[PDB]
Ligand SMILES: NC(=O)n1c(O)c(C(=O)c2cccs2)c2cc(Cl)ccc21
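Below sits a lone chain in structure tokens, taken as the form deposited without this ligand.
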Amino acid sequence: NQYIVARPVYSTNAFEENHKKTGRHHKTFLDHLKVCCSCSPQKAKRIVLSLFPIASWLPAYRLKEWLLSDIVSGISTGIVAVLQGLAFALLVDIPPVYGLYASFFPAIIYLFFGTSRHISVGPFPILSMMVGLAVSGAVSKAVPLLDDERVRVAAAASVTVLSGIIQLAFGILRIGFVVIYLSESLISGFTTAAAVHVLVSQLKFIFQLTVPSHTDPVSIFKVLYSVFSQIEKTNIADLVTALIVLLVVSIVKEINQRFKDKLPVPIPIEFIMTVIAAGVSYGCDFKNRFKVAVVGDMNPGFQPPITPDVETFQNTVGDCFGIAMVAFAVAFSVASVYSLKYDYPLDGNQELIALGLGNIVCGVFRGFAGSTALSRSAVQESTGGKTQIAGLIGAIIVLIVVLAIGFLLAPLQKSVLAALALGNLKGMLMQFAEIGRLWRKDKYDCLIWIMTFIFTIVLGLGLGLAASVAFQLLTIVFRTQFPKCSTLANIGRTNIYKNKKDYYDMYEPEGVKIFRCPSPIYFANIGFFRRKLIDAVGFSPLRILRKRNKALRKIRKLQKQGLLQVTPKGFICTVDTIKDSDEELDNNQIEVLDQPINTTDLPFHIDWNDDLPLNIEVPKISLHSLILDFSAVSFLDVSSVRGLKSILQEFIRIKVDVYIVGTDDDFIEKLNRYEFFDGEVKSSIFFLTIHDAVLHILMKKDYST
């Protein structure tokens, strides 16, 4: 092996002159508008196909293969959807038939505009908890037992309509990259805290204890106190049944996960023992014997459309924004997880449009918001659902439940539904090991996890997400707040430059300091970079310039006094001692000290490093070349270019050449936008790499010698 290079020393300006730069037309906003507003027949066709995916992928569906698997997967996910939807309608404290409506409508709309195929559309526990809290707040704020239920369902429908409108608006405005804002740690923490919330919520149904609806913040602890205060009145039969169902569900889930290939289809434990619980409650009359709580009979058929409440809109637009954001985030996470496995593209904007239409249609017919449940999506995908048509079948099953089947689920205990919810909550609760894992791996991400969990427990599910998101954005500033700035040195008498303190027998060229900041320089870390540069060089450039200026003022005062005329080669002082006091100039004149040095009047060049006459002392500097390795510096802003230009002006004014190395051409173009370059600070300071600058310095000094 041998690395042999023999080429001329290049600066970026010299690089442009030596090699021809191609003429690349720069796209402008008007040019973009030309493409956007072209309205080509092919472009219009592709746009209308994009907005209506079902027409695109309907003939592509394979009847021979996908149909059989889709039929079974749809049936399984439909049964799961019915049971779940009853459970969340319990969580929202509205009759379960509205949970059935929420299971029905969003999926049947999403079929038409659905990019993904393996997700099941409907409510999930976190979203249903947020909807319940939002309607509780709405009924609290609004100003003038069946009437209370009617008011609750009206508020839920209005909240769902508003969330659907927000999702549709974001989808039309082509903003689907909002998913990227939430990091993995934040989602993990929020999901774990929401699982704790849902467990605490289901406790009241497990013990069959009456608990008033508590709004955020600290709602979880309020519910905990309300339940534990009445722990004596706990219905023993409900607790026993819920515990039994939860135990067998957990064990069954463990069996399914352990034997994935051996087991043909996942065992429908939830449905099986929902049937068992309903039968044992109806036959033995648990409602009268042990006074258990049951969902009771539900009115068949969908409700007529309801006009959205404008008042609820004004009161809960804030909750609706969070509901829509969480719904889209969870749906897109699940859809991406399945797409990467099955290799089919997705449009985030189309996902937003589809979910917005689903929520709008659902809320118009009195159903709460719902996007996608990870558990139900897993059931549909593992069962073998190739296409979104399977979801259709699930919705049909929900319809079959709403019309004529609904009377079967009348004698079903609510504690059973709580147990089914806890069975799914177990997987979310298992994520507590992430604290230790991330603590070993990345401190900032573990901090994000812990802070998100604390915020979501202490605050609500809605405010918790916003605080966590704001906090996570802050950790980005935390990472680059204090960059480990290093001073580099040459080793092996070659172009390799490495951290000065790491290796032995490093060679540092005399009068040359190489400084590297491995972080983007913006408002957060410009002051730290300035302080670290001064620490690395060993002297303050501005202080050196000010002392030099004060010394020059003293010499000029000496010449204007006529006591000591300037020698042709130096300063000839007739008096043995200057005996000159400090000037102590006023405030207004202080800025004069900062002005650059001019030696045009002096007939001879004066170097500050050599000794000065008249007992004048200015700190000496051995630095005559400063290289800034800006390879790792990604971007700059105004607060960065201002500070950087001030630092470069201060260094140049004391005759210390500055070379910035490692930057690409787009960086120099952007720096040209900021009006960074001027007469004093030219573009010749931008060199190609560190060794090019070092060789330039050595050649310049060799010519000087």
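By rigid core we mean the largest C-alpha set that fits within 1.5 Å across both forms. Just count from 1 along the sequence shown to find any residue number.
The modelled chain breaks after residue 144 and resumes at residue 145, leaving 10 or more residues of the deposited sequence without coordinates.
Form solved in complex with this ligand: not shown, discussed below.
Site accessibility, blocked: after C-alpha superposition of the site, this ligand as positioned in the deposited complex shows three or more atoms within 2.4 Å of the backbone or C-beta atoms of the displayed chain.
Contact with this ligand in the deposited complex, defined as a heavy atom within 4.5 Å, holds for exactly one of 87, 354, 157, 390, namely 87. The contact with this ligand in the deposited complex, taken as any heavy atom within 4.5 Å, belongs to 421 out of 107, 92, 627, 421. This chain is displayed without this ligand, yet in the deposited complex the stretch 372-380 from 554-562, 503-511, 592-600, 372-380 comes within 4.5 Å of it by heavy atoms. Within 4.5 Å of any heavy atom of this ligand in the deposited complex lies no heavy atom of residue 135. None of the heavy atoms of residue 395 is located within 4.5 Å of this ligand in the deposited complex. Put simply, residue 125 is close to this ligand in the deposited complex: some heavy atom of it is within 4.5 Å. At a distance threshold of 4.5 angstroms between non-hydrogen atoms, residue 362 is out of contact with this ligand in the deposited complex. Taking a 4.5 Å heavy atom cutoff to this ligand in the deposited complex, the one contacting residue in 252-273 is 270. When the two forms are superposed on their rigid core between the shown form and the other one, the C-alpha shift of 2 Å or more among 578, 199, 278, 488 belongs solely to 578. Residue displacement note: residue 259 has its CA displaced by at least 2 Å between the shown form and the other one (rigid core superposed).
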